[PDB]
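Student: Got an experimental structure here, sequence first:
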Amino acid sequence: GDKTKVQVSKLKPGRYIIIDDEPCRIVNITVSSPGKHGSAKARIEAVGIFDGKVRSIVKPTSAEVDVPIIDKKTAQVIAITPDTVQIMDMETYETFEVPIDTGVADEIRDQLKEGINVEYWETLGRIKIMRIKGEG
């Protein structure tokens, strides 16, 4: 759920990276021509899982970058507002509320109804509702 450091050379598209405190899905990794020593620089493009903003960074392939650790959990939608959604872990009674535009996957943005169970991802203290259980 927190973060960790990982060598740039080990990063892979589809995995994640933290750029400006924003957890982002890596969408492109370009490694330049290696120098006389074999060393190379990589340019990584990543998309914020929350703000959807595309960010790019350049690092020596031997360098380390911060990556977010994601936990997948289940909870139930207990309230829907014009601009937000609140879910609850029925057993622990914890509640999580987020804006629909940044805290819910585009795919299900308008498929949420109260009473349904969803799979949400959690990292860096924030959550993102990713899918509906039973799928629908």
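Tutor: Sure, I can see it. Residues are numbered from 1 along each chain as shown.
Student: For residue 123, list the residues it contacts.
Tutor: Going by Cβ atoms under 8 Å, 6 or more residues apart in numbering, residue 123 touches 1, 2, 3, 23, 68, 69, 70, 71. In this view, the C-beta of every residue, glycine as well, is placed from N, C-alpha and C.
Student: Show me what it is bridged to.
Tutor: Per DSSP bridges, the residues bridged to residue 123 are residue 126.
Student: What are the contacting residues of stretch 8-19?
Tutor: Contacts of stretch 8-19 (Cβ under 8 Å, 6+ apart): 3, 23-29, 42, 44, 46, 48-49, 55, 57, 59-68, 70, 124.
Student: Buried residues in stretch 17-35, which are they?
Tutor: Neighbour-count burial for stretch 17-35 flags 17, 18, 19, 22, 23, 24, 26, 29 (criterion: 16 or more other Cβ atoms under 10 Å).
Student: three-state assignment of the fifth one?
Tutor: When states are read from DSSP: H, G, I helix; E, B strand; the rest coil, the local structure at residue 23 comes out as strand.
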